[PDB]
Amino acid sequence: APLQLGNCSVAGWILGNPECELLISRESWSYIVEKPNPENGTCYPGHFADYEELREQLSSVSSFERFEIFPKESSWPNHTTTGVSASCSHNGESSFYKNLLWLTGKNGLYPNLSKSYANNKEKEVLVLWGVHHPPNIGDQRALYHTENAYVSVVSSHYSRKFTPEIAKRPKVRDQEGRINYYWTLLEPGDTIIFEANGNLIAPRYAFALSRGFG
């Protein structure tokens, strides 16, 4: 049986757009049914990297579990985690994706961060994150307290260093900045390491899954 996304896109559902909750949440499915112009997608505008490949990975799934990666706010005690946006409003109030967490300065500081997750399950884990591109210097400095921010994501078969640049884009859902979305599959037993000094939209929930097996 197929997974029915309702008014949500694959990106809206997997990121946890607050307007997306499946009517029927299941641990396995054969195909996904998505409507042609879904109303609820990347509510905070931005490019979703390798999106067609992600849709294919999620098209048929024999086991699926959404779980906390880096559990609780106590995983980020020296950053502010409560950032929300009018672009992802819910019930008349600014909100944010359920599966990512916007990290910004706290107490006048943005400390270097370095956080690891070890996949101690017997299934691969889909990890998603974002990299923020503010529209101007003032916004970049206000949130992250630097114009020289770097993000590093390293595992056994994946490494990428991001050097995010400012860019003023057309206003979409009130936003002239953008969040670019990224993902990778972490093999059982492997460890993923995030290091950053700004601009990281950190994983909050990740997904254990099996394909063709289960």
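Heads up: residue numbers just count along the shown sequence, starting at 1.
Looking at mean Cα B-factors across 178-186 and 56-64, the upper value is held by 56-64. Stretches compared: 7-15, 192-200. Higher mean C-alpha B-factor in the entry: 7-15. Of all the options 42, 163, 146, 155, the entry's greatest CA B-factor is assigned to 163. Listed residues 112, 81, 136, 74 were ranked by CA B-factor as deposited; 74 comes out on top. Annotation for residue 51: C-alpha temperature factor in the middle third relative to the rest of the modelled chain, per the entry. Residue 69 sits in the middle third of its chain by CA B factor, as recorded in the PDB entry. Split the chain's modelled residues into thirds by C-alpha temperature factor. Residue 32 is in the highest one.
Split the chain's modelled residues into thirds by C-alpha temperature factor. Residue 95 is in the middle one. Ranked within its chain, residue 89 lands in the highest third, by CA B factor from the PDB record.
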